[PDB]
Amino acid sequence: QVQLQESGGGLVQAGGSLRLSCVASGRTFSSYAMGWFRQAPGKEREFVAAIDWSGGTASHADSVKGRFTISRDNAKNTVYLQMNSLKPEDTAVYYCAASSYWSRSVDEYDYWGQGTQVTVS
Amino acid sequence: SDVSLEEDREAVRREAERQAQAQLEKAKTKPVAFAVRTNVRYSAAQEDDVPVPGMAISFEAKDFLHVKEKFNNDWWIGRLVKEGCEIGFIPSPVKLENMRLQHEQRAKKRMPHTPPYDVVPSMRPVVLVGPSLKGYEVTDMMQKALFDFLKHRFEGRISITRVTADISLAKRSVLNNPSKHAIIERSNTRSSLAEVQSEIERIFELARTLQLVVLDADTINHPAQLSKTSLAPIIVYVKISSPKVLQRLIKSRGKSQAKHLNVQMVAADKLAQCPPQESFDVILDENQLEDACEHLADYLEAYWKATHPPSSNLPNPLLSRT
Ligand SMILES: [Ca+2]
Ligand SMILES: [Mg+2]
């Protein structure tokens, strides 16, 4: 809910298999659709992936289809972003955000996390 | 005066409602953003605090809602997917939660859960099942005739696509599995679930503009194979009611098809065991192909009307004072 801590990881050169992880507070986790965003060091926040309340539907960005995969455990109040085959274009700060809505737009998300830095050379 | 002050609190409320109604009018011309299938009943009540009182969208379990806009964290703007239903305010999962808590607190065991919405394609994809197993001549020839009819009958409104991947795997127990097994399978870029997930997102995208979506799904021979997914398909049961008639049909296709007689007969019997009202949206058991086609077209035309409501009349600018 109001608190989102993204465990995540650091940086790699290529390839890679990092399981980012964001934990939430409160017993309202199942009431929010969960999404991952990214902000490159000089770029705007862009949508990465989103999963709906029951975890039955997921949407991934075109630049990331196949490589990354979002999931959620409503018994652990956690959401993940399995990132595979990493590229320089993936250098960004990774944010996890909760929404009472189904969206890929930054404005339509209700709570945001602190952020986790990843870099690919 | 204390009376003149309640007049202020009321006027503030009326102005908030006027602004919410103005936002509802602006949304009448916006496209459908996404759709949800409901898992619970919501009956609008008098203390729900709807942005415009009386404009809440009540719905039953397993109804479908077309959503156009997020009003705030408690309410969306959208409509029940049903002829004659207009857009109003749909409670968000956050709002639906708090209302249940209020109902349990005023309700009259010794010790004193499920998400209400599933995101589904904006158009329910049509999937044919029966009379027997796909990949054999009897079922393939019958389904091909129906597919050919839908191309012509709904030309310009139809998007027919082939699905060779097993979309029966697109369920939470597989695609959202939190075990240490899935965490490793998601590491391989060649996990077989990648093409499954990609095919699901493609089907959602194909229905975004509200065209009729029809799937030729190779692996779906039984409605139970899709009931756990979020595709919410329209299941069309192409039925041969007499097992004996199906036998002559299969035998009439030659020994190549007569070899696999039992596996085809067993599948047809499995469909016959399905409780029809919970398993099939359309049951085609007509004697003639033309009659079966008209039945299916009548159903899909009714679905087209439910998903494509007429445009609401714009207020006559002549009635304005300026
Ligand atoms: Ca016949
Ligand atoms: Mg109402």
Side-chain angles (χ1 to χ4, degrees), chain A residues 1-2 15-21 26-35 49-62 64-87 98-105 107-111, chain B residues 33-37 39 67 69-77 90-98 101 113-121 170-173 175-180 182-191 193-195 197-198 200-202 204-205 228-232:
Chain A
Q1 203 189 332
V2 287
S17 280
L18 190 39
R19 203 213 186 184
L20 249 61
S21 159
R27 261 279 290 103
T28 70
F29 185 67
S30 57
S31 297
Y32 292 92
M34 295 292 343
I51 195 187
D52 80 329
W53 301 268
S54 68
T57 285
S59 189
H60 302 85
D62 277 5
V64 311
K65 260 142 198 222
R67 327 204 263 98
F68 318 145
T69 296
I70 181 176
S71 48
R72 75 186 290 164
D73 185 346
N74 287 354
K76 291 182 176 52
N77 293 22
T78 326
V79 53
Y80 313 92
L81 181 63
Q82 267 281 6
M83 264 156 314
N84 302 339
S85 318
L86 268 297
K87 299 54 187 163
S99 179
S100 50
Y101 196 58
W102 183 241
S103 160
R104 71 177 39 192
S105 287
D107 312 307
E108 286 169 347
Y109 275 75
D110 317 10
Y111 301 117
Chain B
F34 63 94
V36 291
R37 177 185 60 192
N39 301 310
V67 184
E69 167 170 321
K70 177 189 185 188
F71 179 75
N72 57 20
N73 287 353
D74 285 344
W75 296 96
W76 308 344
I77 292 169
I90 293 163
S92 84
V94 166
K95 179 72 176 182
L96 281 173
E97 184 36 12
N98 309 346
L101 276 49
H113 188 261
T114 171
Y117 296 143
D118 297 340
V119 177
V120 295
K171 52 182 176 185
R172 305 167 180 84
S173 50
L175 282 192
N176 195 54
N177 155 36
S179 70
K180 302 287 150 285
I183 307 159
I184 295 183
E185 318 304 327
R186 296 193 194 100
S187 307
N188 173 32
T189 181
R190 340 169 92 101
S191 172
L193 305 175
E195 185 171 327
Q197 174 66 33
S198 161
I200 298 294
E201 301 195 33
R202 181 174 76 90
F204 274 76
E205 174 58 26
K228 291 181 180 179
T229 80
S230 289
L231 286 173

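Any value given below was found using the heavy atoms of this structure, including those in side chains, with hydrogens, waters and symmetry copies removed. Numbered from 1 within each chain, the chains take letters A, B, ... in sequence-line order.
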Margin query: Let's test your reading of the structure: which of A:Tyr101, A:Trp53, A:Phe68, A:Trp102 forms the most heavy-atom pairs below 4.5 Å with chain B?
Written below: A:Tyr101
Item checked: Max heavy-atom pair count under 4.5 Å with chain B, selected residue of A:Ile51, A:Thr57, A:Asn74, A:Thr28 -> A:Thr57
Notebook entry, point to check: Where do A:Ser54 and B:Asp118 land on the side-chain hydrogen bond (donor to acceptor under 3.5 Å, both in side chains) test, with the steps shown first?
Noted result: CA-CA 7 Å; A:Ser54 68; B:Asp118 297 340; 3.1 Å; yes
Next item on the list: Determine, for A:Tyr80 and B:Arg186, whether the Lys NZ or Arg CZ falls below 6.0 Å from the six-membered ring centre while staying within 45 degrees of the axis.
Entry: no
Note to self: Just by distance, no angles: are the side chains of B:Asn177 and B:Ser179 close enough, under 3.5 Å, to form a donor-acceptor pair?
What the structure shows: yes
Next item on the list: Go through the atoms of A:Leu18 and report whether side chain, backbone, both or neither lie under 4.5 Å from a heavy atom of chain B.
Entry: neither
Check: Side chain, backbone, both or neither: which part of B:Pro115 has an atom under 4.5 Å from a heavy atom of chain A?
Finding: side chain
Margin query: Check whether A:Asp73 reaches the backbone of B:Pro178 with its side chain - one donor and one acceptor, N or O, closer than 3.5 Å.
Written below: no
Check: Taking every heavy-atom pair that is under 4.5 Å apart, which of A:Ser17, A:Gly56, A:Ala33 has the most such pairs with chain B?
Finding: A:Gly56
Margin query: Is A:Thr78 in contact with chain B via its backbone, its side chain, both, or neither, using a 4.5 Å heavy-atom distance?
Written below: neither
Checklist line | Residues B:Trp76, B:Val36; criterion side-chain contact (heavy atoms from CB on, under 4.5 Å); working and verdict | finding: CA-CA 12 Å; B:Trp76 308 344; B:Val36 291; 4.3 Å; yes
Checklist line | Largest heavy-atom contact set with chain A, pairs under 4.5 Å, which of B:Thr189, B:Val67, B:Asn73, B:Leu193 | finding: B:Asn73
Next item on the list: Heavy-atom pairs under 4.5 Å with chain A are the metric here; pick the option from B:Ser198, B:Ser187, B:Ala194 that has the most.
Entry: B:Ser187
Next item on the list: Mind listing the closest non-hydrogen atom pair of B:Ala170 and B:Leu175 along with its distance?
Entry: CA-CD1, 3.7 Å
Margin query: Among B:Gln197, B:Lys228, B:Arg190, B:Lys171, which residue has the highest count of heavy-atom pairs closer than 4.5 Å to chain A?
Written below: B:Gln197
Note to self: What part of B:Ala33 gets within 4.5 angstrom of chain A, counting heavy atoms only: side chain, backbone, both, or neither?
What the structure shows: side chain
Next item on the list: Would you sort out whether B:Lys70 and A:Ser100 count as a side-chain contact (heavy atoms from CB on, under 4.5 Å), showing the intermediate values?
Entry: CA-CA 9 Å; B:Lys70 177 189 185 188; A:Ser100 50; 3.8 Å; yes
Note to self: For the backbone of A:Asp107 and the side chain of A:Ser105, can you confirm whether one donor and one acceptor N or O come within less than 3.5 Å of each other?
What the structure shows: no
Next item on the list: Check each atom of A:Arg72 against the heavy atoms of chain B and say whether the ones under 4.5 Å are side chain, backbone, both or neither.
Entry: both
